[PDB]
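Reviewing the structure listed below.
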Amino acid sequence: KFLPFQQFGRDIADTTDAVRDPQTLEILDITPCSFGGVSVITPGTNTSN
Amino acid sequence: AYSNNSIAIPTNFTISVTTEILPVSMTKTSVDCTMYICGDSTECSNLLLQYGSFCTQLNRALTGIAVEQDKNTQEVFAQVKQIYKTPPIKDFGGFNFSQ
Ligand SMILES: *[C@@H]1O[C@H](CO)[C@@H](O)[C@H](O)[C@H]1NC(C)=O
Ligand SMILES: *[C@@H]1O[C@H](CO)[C@@H](O)[C@H](O)[C@H]1NC(C)=O
């Protein structure tokens, strides 16, 4: 519930998780995407590629 | 007390049971390096490489923590090599194992 006297929104980490348009008042939350790191599972080079 | 001749010997006994908790594995998170450090940005791939491949010495070890987590729960519980089962009739000479 957004009280109609605030302007911005920031959960934590200075994350400005409230973006609103002057004409219409809507609240929103911002989070980084899923994303993933990688690792290669290789048997012996001399065995197979 | 004591002198040149004395000793104490028990006459009765009492079986006792006591727990001993022990951590074995910990829920392992898989946190990546780029997104966290830098999300989707045009300069994300250029300024990131100025330092080098330090993410190689960052995410390489995190997976090792994860794998070692299950190796801890494999050697602990999977000691016996065959899975047994108690007889259908519970008759152990008076002992109760229902708990
Ligand atoms: C890998 O395979 C090659 C065969 O070309 C062999 O000469 C070498 O000793 C092997 N190395 C290992 C570590 O098995
Ligand atoms: C068990 O211990 C009690 C004292 O707690 C003792 O009086 C009794 O003799 C012991 N049991 C036997 C079989 O002696």
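Letters A, B, ... go to the chains of the structure tokens in the order shown; residues in each chain start at 1; ligands are counted from 1 in the same order.
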Each chain B residue no farther than 10 Å from ligand 2, nearest pair in Å, only C-alpha atoms and all ligand atoms, as a Markdown table:
```
| residue | atom | partner | partner_atom_place_in_ligand_line | distance |
| --- | --- | --- | --- | --- |
| B:10 | CA | ligand 2 | 2 (O) | 9.4 |
| B:11 | CA | ligand 2 | 14 (O) | 6.3 |
| B:12 | CA | ligand 2 | 10 (C) | 4.3 |
| B:13 | CA | ligand 2 | 1 (C) | 6.5 |
| B:14 | CA | ligand 2 | 1 (C) | 8.1 |
```
Mind running chain A against chain B at 7 Å and telling me each contacting residue's nearest atom pair with the distance in Å (one decimal), counting only C-alpha atoms, chain and number ascending, as a Markdown table?
```
| residue | atom | partner | partner_atom | distance |
| --- | --- | --- | --- | --- |
| A:32 | CA | B:39 | CA | 6.8 |
| A:35 | CA | B:35 | CA | 6.3 |
| A:36 | CA | B:32 | CA | 5.4 |
| A:37 | CA | B:32 | CA | 4.8 |
```
Could you tell me, counting only C-alpha atoms and all ligand atoms, which protein and nucleic acid residues lie no more than 8 Å from ligand 1, written as a PDB file with C-alpha atoms, in the first residue's frame?
```
ATOM      1  CA  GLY A  44      40.595 -36.696 -19.689  1.00  0.00           C
ATOM      2  CA  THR A  45      41.610 -34.682 -22.771  1.00  0.00           C
ATOM      3  CA  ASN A  46      43.314 -37.784 -24.192  1.00  0.00           C
ATOM      4  CA  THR A  47      40.081 -39.737 -23.643  1.00  0.00           C
TER       5      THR A  47
END
```
Please provide as a VMD selection string all residues within 12 Å of residue 9 of chain A, with the sequence filter that same-chain residues fewer than 4 positions apart are discarded (counting only C-alpha atoms).
chain A and resid 1 to 3 5 13 to 20 26 to 30
Export of prior selection with N, CA, C and O atoms as a tab-separated table (two decimals), in the first residue's frame:
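Ended up saving to result05.tsv:
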```tsv
chain	number	residue	atom	x	y	z
A	1	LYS	N	0.85	-1.18	0.00
A	1	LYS	CA	0.00	0.00	0.00
A	1	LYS	C	0.89	1.24	0.00
A	1	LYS	O	1.64	1.48	0.96
A	2	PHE	N	0.81	2.02	-1.07
A	2	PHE	CA	1.61	3.23	-1.20
A	2	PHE	C	0.81	4.43	-0.72
A	2	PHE	O	-0.22	4.78	-1.32
A	3	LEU	N	1.27	5.06	0.35
A	3	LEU	CA	0.62	6.27	0.83
A	3	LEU	C	0.82	7.39	-0.19
A	3	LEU	O	1.95	7.63	-0.62
A	5	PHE	N	1.65	10.27	-0.49
A	5	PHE	CA	2.49	11.43	-0.21
A	5	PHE	C	3.98	11.13	-0.29
A	5	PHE	O	4.79	12.05	-0.16
A	13	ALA	N	19.81	-1.53	-0.05
A	13	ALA	CA	20.95	-1.37	-0.94
A	13	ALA	C	20.81	-0.18	-1.88
A	13	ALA	O	21.33	-0.19	-3.00
A	14	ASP	N	20.10	0.87	-1.44
A	14	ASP	CA	19.82	2.04	-2.27
A	14	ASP	C	19.03	1.67	-3.52
A	14	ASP	O	18.94	2.46	-4.46
A	15	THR	N	18.47	0.46	-3.54
A	15	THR	CA	17.70	-0.02	-4.68
A	15	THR	C	16.41	0.79	-4.80
A	15	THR	O	15.47	0.59	-4.02
A	16	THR	N	16.36	1.70	-5.77
A	16	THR	CA	15.19	2.54	-5.95
A	16	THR	C	14.04	1.74	-6.53
A	16	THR	O	13.65	1.94	-7.69
A	17	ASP	N	13.49	0.82	-5.74
A	17	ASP	CA	12.41	-0.06	-6.20
A	17	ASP	C	11.04	0.59	-6.04
A	17	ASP	O	10.14	0.06	-5.40
A	18	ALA	N	10.89	1.78	-6.62
A	18	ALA	CA	9.57	2.39	-6.78
A	18	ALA	C	9.68	3.42	-7.90
A	18	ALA	O	10.26	4.49	-7.69
A	19	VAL	N	9.13	3.10	-9.06
A	19	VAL	CA	9.15	3.98	-10.22
A	19	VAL	C	7.71	4.31	-10.57
A	19	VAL	O	6.91	3.40	-10.85
A	20	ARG	N	7.37	5.60	-10.57
A	20	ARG	CA	6.00	6.04	-10.79
A	20	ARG	C	5.98	7.14	-11.83
A	20	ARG	O	6.88	7.97	-11.91
A	26	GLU	N	1.80	4.13	-9.85
A	26	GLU	CA	1.97	2.69	-9.76
A	26	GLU	C	3.26	2.36	-9.04
A	26	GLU	O	4.28	3.03	-9.24
A	27	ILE	N	3.22	1.33	-8.20
A	27	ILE	CA	4.39	0.88	-7.45
A	27	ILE	C	4.98	-0.34	-8.15
A	27	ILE	O	4.29	-1.07	-8.86
A	28	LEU	N	6.28	-0.55	-7.94
A	28	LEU	CA	6.99	-1.64	-8.59
A	28	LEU	C	8.23	-1.96	-7.77
A	28	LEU	O	8.70	-1.15	-6.96
A	29	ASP	N	8.76	-3.17	-7.98
A	29	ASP	CA	9.97	-3.63	-7.30
A	29	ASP	C	11.00	-4.04	-8.34
A	29	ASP	O	10.64	-4.59	-9.39
A	30	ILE	N	12.27	-3.78	-8.05
A	30	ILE	CA	13.36	-4.06	-8.97
A	30	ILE	C	14.32	-5.03	-8.30
A	30	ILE	O	14.71	-4.85	-7.14
```
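Between atom CA of residue 19 of chain B and atom CA of residue 88 of chain B the interatomic distance comes to 27.5 Å.
Separating atom CA of residue 98 of chain B from atom CA of residue 17 of chain B is a distance of 15.4 Å.
Excluding residue 24 of chain B itself and any same-chain residue fewer than 5 positions from it, the protein and nucleic acid residues within 9 Å of it, counting only C-alpha atoms, are residues 69, 70, 72, 73 and 76 of chain B.
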Could those residues be written to a file, using N, CA, C and O atoms, as a PDB file, in the first residue's frame?
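Written file, result_13.pdb:
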```
ATOM      1  N   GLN B  69      29.516 -30.632   0.090  1.00  0.00           N
ATOM      2  CA  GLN B  69      28.374 -30.707   0.995  1.00  0.00           C
ATOM      3  C   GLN B  69      27.757 -32.100   0.984  1.00  0.00           C
ATOM      4  O   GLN B  69      27.457 -32.666   2.042  1.00  0.00           O
ATOM      5  N   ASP B  70      27.561 -32.672  -0.205  1.00  0.00           N
ATOM      6  CA  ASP B  70      26.952 -33.993  -0.303  1.00  0.00           C
ATOM      7  C   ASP B  70      27.936 -35.107   0.025  1.00  0.00           C
ATOM      8  O   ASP B  70      27.533 -36.140   0.570  1.00  0.00           O
ATOM      9  N   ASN B  72      29.823 -34.987   2.372  1.00  0.00           N
ATOM     10  CA  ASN B  72      29.729 -35.063   3.825  1.00  0.00           C
ATOM     11  C   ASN B  72      28.546 -35.916   4.262  1.00  0.00           C
ATOM     12  O   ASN B  72      28.636 -36.643   5.258  1.00  0.00           O
ATOM     13  N   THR B  73      27.432 -35.840   3.538  1.00  0.00           N
ATOM     14  CA  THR B  73      26.246 -36.626   3.852  1.00  0.00           C
ATOM     15  C   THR B  73      26.265 -38.006   3.210  1.00  0.00           C
ATOM     16  O   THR B  73      25.378 -38.817   3.494  1.00  0.00           O
ATOM     17  N   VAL B  76      28.666 -40.103   5.850  1.00  0.00           N
ATOM     18  CA  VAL B  76      28.086 -40.163   7.188  1.00  0.00           C
ATOM     19  C   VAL B  76      27.046 -41.272   7.269  1.00  0.00           C
ATOM     20  O   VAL B  76      27.163 -42.201   8.077  1.00  0.00           O
TER      21      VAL B  76
END
```
Residue 67 of chain B: which residues within 12 Å, counting only C-alpha atoms, same-chain residues fewer than 6 positions away excluded, as a PyMOL selection string?
chain B and resi 25-30+60-61+73-74
Resulting file, chosen residues, C-alpha atoms, as a PDB file, in the first residue's frame:
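File written: again_34.pdb
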```pdb
ATOM      1  CA  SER B  25      25.818 -30.481   5.513  1.00  0.00           C
ATOM      2  CA  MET B  26      24.753 -26.889   4.917  1.00  0.00           C
ATOM      3  CA  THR B  27      22.354 -25.699   2.223  1.00  0.00           C
ATOM      4  CA  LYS B  28      24.754 -24.508  -0.471  1.00  0.00           C
ATOM      5  CA  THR B  29      23.862 -21.426  -2.492  1.00  0.00           C
ATOM      6  CA  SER B  30      25.107 -20.958  -6.058  1.00  0.00           C
ATOM      7  CA  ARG B  60      35.530 -21.876  -9.227  1.00  0.00           C
ATOM      8  CA  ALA B  61      35.726 -22.513  -5.480  1.00  0.00           C
ATOM      9  CA  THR B  73      26.246 -36.626   3.852  1.00  0.00           C
ATOM     10  CA  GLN B  74      27.396 -39.615   1.764  1.00  0.00           C
TER      11      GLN B  74
END
```
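Taking atom CA of residue 46 of chain B and atom CA of residue 41 of chain A as the two end points, the separation is 27.4 Å.
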Filtered DSSP result for chain B, state helix (DSSP H, G or I), as a tab-separated table (two decimals) with N, CA, C and O atoms, in the first residue's frame:
```tsv
chain	number	residue	atom	x	y	z
B	34	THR	N	29.13	-12.22	-12.30
B	34	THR	CA	28.84	-11.02	-13.13
B	34	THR	C	27.58	-10.33	-12.62
B	34	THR	O	27.73	-9.34	-11.89
B	35	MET	N	26.39	-10.82	-12.98
B	35	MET	CA	25.12	-10.14	-12.58
B	35	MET	C	25.31	-9.40	-11.26
B	35	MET	O	25.22	-8.16	-11.26
B	36	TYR	N	25.52	-10.15	-10.17
B	36	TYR	CA	25.70	-9.52	-8.84
B	36	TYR	C	26.59	-8.29	-8.99
B	36	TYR	O	26.09	-7.16	-8.83
B	37	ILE	N	27.87	-8.51	-9.29
B	37	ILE	CA	28.83	-7.39	-9.49
B	37	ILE	C	28.26	-6.41	-10.52
B	37	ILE	O	28.27	-5.20	-10.24
B	44	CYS	N	29.43	-3.30	-19.20
B	44	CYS	CA	29.61	-4.39	-18.25
B	44	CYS	C	30.74	-5.34	-18.64
B	44	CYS	O	31.50	-5.76	-17.77
B	45	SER	N	30.86	-5.67	-19.92
B	45	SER	CA	31.86	-6.63	-20.38
B	45	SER	C	33.21	-6.00	-20.67
B	45	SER	O	34.19	-6.74	-20.83
B	46	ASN	N	33.30	-4.67	-20.74
B	46	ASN	CA	34.56	-4.01	-21.04
B	46	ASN	C	35.31	-3.61	-19.77
B	46	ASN	O	36.50	-3.91	-19.63
B	47	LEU	N	34.63	-2.92	-18.85
B	47	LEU	CA	35.28	-2.55	-17.59
B	47	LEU	C	35.50	-3.75	-16.69
B	47	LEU	O	36.42	-3.74	-15.87
B	48	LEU	N	34.68	-4.79	-16.83
B	48	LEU	CA	34.85	-5.98	-16.00
B	48	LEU	C	36.18	-6.67	-16.29
B	48	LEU	O	36.85	-7.15	-15.37
B	49	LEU	N	36.58	-6.72	-17.56
B	49	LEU	CA	37.81	-7.40	-17.95
B	49	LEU	C	39.06	-6.59	-17.66
B	49	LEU	O	40.17	-7.13	-17.80
B	50	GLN	N	38.93	-5.32	-17.27
B	50	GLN	CA	40.11	-4.53	-16.93
B	50	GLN	C	40.89	-5.17	-15.79
B	50	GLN	O	42.13	-5.12	-15.78
B	56	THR	N	37.27	-16.11	-12.15
B	56	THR	CA	37.74	-17.49	-12.21
B	56	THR	C	38.15	-17.99	-10.83
B	56	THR	O	37.84	-19.13	-10.46
B	57	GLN	N	38.85	-17.16	-10.06
B	57	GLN	CA	39.20	-17.50	-8.68
B	57	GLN	C	38.09	-17.13	-7.70
B	57	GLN	O	38.34	-17.07	-6.49
B	58	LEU	N	36.88	-16.88	-8.20
B	58	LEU	CA	35.73	-16.53	-7.37
B	58	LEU	C	34.63	-17.58	-7.44
B	58	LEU	O	34.16	-18.05	-6.41
B	59	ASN	N	34.20	-17.95	-8.65
B	59	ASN	CA	33.14	-18.93	-8.81
B	59	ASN	C	33.66	-20.36	-8.90
B	59	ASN	O	32.89	-21.30	-8.72
B	60	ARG	N	34.96	-20.54	-9.18
B	60	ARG	CA	35.53	-21.88	-9.23
B	60	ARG	C	35.38	-22.58	-7.89
B	60	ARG	O	34.96	-23.74	-7.82
B	61	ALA	N	35.73	-21.89	-6.80
B	61	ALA	CA	35.73	-22.51	-5.48
B	61	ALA	C	34.32	-22.68	-4.91
B	61	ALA	O	34.11	-23.57	-4.08
B	62	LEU	N	33.36	-21.85	-5.34
B	62	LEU	CA	32.03	-21.94	-4.76
B	62	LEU	C	31.36	-23.26	-5.10
B	62	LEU	O	30.64	-23.83	-4.27
B	63	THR	N	31.57	-23.76	-6.31
B	63	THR	CA	31.04	-25.07	-6.67
B	63	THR	C	31.68	-26.17	-5.83
B	63	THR	O	31.01	-27.13	-5.43
B	64	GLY	N	32.98	-26.05	-5.55
B	64	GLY	CA	33.64	-27.04	-4.72
B	64	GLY	C	33.02	-27.15	-3.34
B	64	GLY	O	32.91	-28.24	-2.78
B	65	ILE	N	32.60	-26.01	-2.77
B	65	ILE	CA	31.89	-26.04	-1.50
B	65	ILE	C	30.61	-26.85	-1.64
B	65	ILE	O	30.26	-27.66	-0.76
B	66	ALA	N	29.88	-26.64	-2.73
B	66	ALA	CA	28.62	-27.35	-2.94
B	66	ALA	C	28.84	-28.86	-3.03
B	66	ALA	O	28.14	-29.63	-2.37
B	67	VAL	N	29.80	-29.29	-3.84
B	67	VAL	CA	30.03	-30.72	-4.02
B	67	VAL	C	30.43	-31.36	-2.70
B	67	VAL	O	29.95	-32.44	-2.35
B	68	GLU	N	31.33	-30.72	-1.95
B	68	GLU	CA	31.76	-31.27	-0.67
B	68	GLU	C	30.60	-31.38	0.31
B	68	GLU	O	30.69	-32.15	1.27
B	69	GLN	N	29.52	-30.63	0.09
B	69	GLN	CA	28.37	-30.71	1.00
B	69	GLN	C	27.76	-32.10	0.98
B	69	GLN	O	27.46	-32.67	2.04
B	70	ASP	N	27.56	-32.67	-0.20
B	70	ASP	CA	26.95	-33.99	-0.30
B	70	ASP	C	27.94	-35.11	0.02
B	70	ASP	O	27.53	-36.14	0.57
B	71	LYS	N	29.22	-34.93	-0.30
B	71	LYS	CA	30.21	-35.90	0.14
B	71	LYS	C	30.25	-36.03	1.65
B	71	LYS	O	30.65	-37.08	2.17
B	72	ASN	N	29.82	-34.99	2.37
B	72	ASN	CA	29.73	-35.06	3.83
B	72	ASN	C	28.55	-35.92	4.26
B	72	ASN	O	28.64	-36.64	5.26
B	73	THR	N	27.43	-35.84	3.54
B	73	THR	CA	26.25	-36.63	3.85
B	73	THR	C	26.27	-38.01	3.21
B	73	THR	O	25.38	-38.82	3.49
B	74	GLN	N	27.25	-38.29	2.36
B	74	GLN	CA	27.40	-39.62	1.76
B	74	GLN	C	28.21	-40.54	2.66
B	74	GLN	O	27.83	-41.70	2.87
B	75	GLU	N	29.34	-40.05	3.18
B	75	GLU	CA	30.16	-40.86	4.07
B	75	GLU	C	29.56	-41.01	5.45
B	75	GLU	O	29.90	-41.96	6.17
B	76	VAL	N	28.67	-40.10	5.85
B	76	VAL	CA	28.09	-40.16	7.19
B	76	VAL	C	27.05	-41.27	7.27
B	76	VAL	O	27.16	-42.20	8.08
B	77	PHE	N	26.01	-41.19	6.43
B	77	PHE	CA	24.89	-42.12	6.52
B	77	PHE	C	25.08	-43.36	5.67
B	77	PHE	O	24.68	-44.46	6.08
```
